[PDB]
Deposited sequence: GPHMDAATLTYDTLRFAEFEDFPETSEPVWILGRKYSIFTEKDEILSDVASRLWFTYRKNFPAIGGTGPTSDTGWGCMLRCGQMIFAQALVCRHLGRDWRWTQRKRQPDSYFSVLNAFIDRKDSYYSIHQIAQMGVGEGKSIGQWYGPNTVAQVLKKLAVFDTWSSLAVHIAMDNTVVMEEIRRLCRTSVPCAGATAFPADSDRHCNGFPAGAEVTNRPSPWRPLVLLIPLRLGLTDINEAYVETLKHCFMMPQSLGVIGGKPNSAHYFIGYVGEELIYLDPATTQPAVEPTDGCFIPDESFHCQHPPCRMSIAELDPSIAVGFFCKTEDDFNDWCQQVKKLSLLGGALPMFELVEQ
């Protein structure tokens, strides 16, 4: 039956360079040569959130679409969603269009649907953003969306996450441990907003940045090219790999989930084009995971010609 057809195997990769350079994706290393299926599966499994249209008016009389202004909010949703996926499903979990998915999957996705009731919907984010001094429809930067997600997570008793946003290029281990042992350890979502330069990222940070994607705890990075935010999930050689929210899709009407998965080899852009305003994220399920992450960070001192983007201090 299938024998009389040409399955066009790897058609999706006709848009990817066949190099010996390993492909890193949120802490997993792949070989372009023998793991195209694995690479595509991991990328396609990630929850993808793009601009949406025709959803309930935000605040009753606000926008019914976030096209043109919700880009960083969408990138925030994607990195936080990946944290939820790791927390509820595990980093090893993979999505398949056919096979029935776990109920926890629909719960995670549901939390990002464009409706006021969902924990992390565009409605909840934009509205909570007002309290941070951001009007509905105003563009966000990395820290702002991170701060808004931390406040929204408070109400997510299902995930019961500890969200720490390290300011001033400093990660205080004492504060983090105190947070995770409060209300024995709450899975940790660590977000580090950074400004690696004025207009460009100093070459000195490049290798350190790459290594941020090579840790088991890696959630990726949010930032972008000027006027185009992206959720960076890894890299290959000198190019960052990412998911792009700049595509307007109809609000989902049931949940059919094909539109929340980017089933294509990821978009690429040279690391040289990345703007200096970013937020790096890490997920530490247990205290042991956090301790391992701390070790991962310290080991970076072994990077030749590289400089640290942030520093770990005890208190």
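J.: Please list, in sequence order, every stretch of the deposited sequence that lacks C-alpha coordinates.
T.: In sequence order, the gaps with no modelled C-alpha are 1-6, 190-220, 292-296.
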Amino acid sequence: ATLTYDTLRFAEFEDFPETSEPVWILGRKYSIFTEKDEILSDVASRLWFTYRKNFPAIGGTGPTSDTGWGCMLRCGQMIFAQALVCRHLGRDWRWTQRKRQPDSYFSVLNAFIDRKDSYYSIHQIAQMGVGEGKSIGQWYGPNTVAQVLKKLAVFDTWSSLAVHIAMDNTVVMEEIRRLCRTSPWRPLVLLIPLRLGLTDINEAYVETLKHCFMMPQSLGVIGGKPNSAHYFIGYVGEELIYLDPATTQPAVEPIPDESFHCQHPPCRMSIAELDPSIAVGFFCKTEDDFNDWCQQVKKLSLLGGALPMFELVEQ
From here on, numbers count along this sequence of modelled residues.
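J.: On mean C-alpha B-factor from the PDB entry, just flag whether 95-103 or 114-122 is the higher one.
T.: The stretch with the larger average C-alpha B-factor is 95-103.
J.: Tell me which of 48-56 and 27-35 has the higher mean C-alpha B-factor in the deposited entry.
T.: Stretch with the greater average CA B-factor: 27-35.
J.: Would you mind finding, among 168, 244, 132, 239, the residue with the largest C-alpha temperature factor in the entry?
T.: Within the set 168, 244, 132, 239, 132 shows the top C-alpha B-factor.
J.: Would you mind finding, among 82, 217, 183, 143, the residue with the largest C-alpha temperature factor in the entry?
T.: Spelled out: the listed residue with the top C-alpha B-factor is 183.
J.: Which third of the chain holds residue 157 when residues are ordered by C-alpha B factor: lowest, middle or highest?
T.: For residue 157, the deposited C-alpha B-factor lands in the highest third.
J.: Split the chain's modelled residues into thirds by Cα B-factor; is residue 275 in the lowest, middle or highest one?
T.: Ranked within chain, residue 275 CA B lands in the lowest tercile.
J.: When the modelled residues of the chain are sorted by Cα temperature factor, does residue 88 land in the lowest, middle or highest third?
T.: Residue 88: CA B-factor falls in the middle third of its chain.
J.: By the record's CA B-factor, is residue 285 among the lowest, middle or highest third of residues in the chain?
T.: Answer is middle: the recorded C-alpha B-factor places it there.
J.: By its CA B factor, does residue 227 count among the lowest, middle or highest third of the modelled residues in the chain?
T.: As the PDB entry reports it, the C-alpha B-factor of residue 227 lands in the highest third of its chain.
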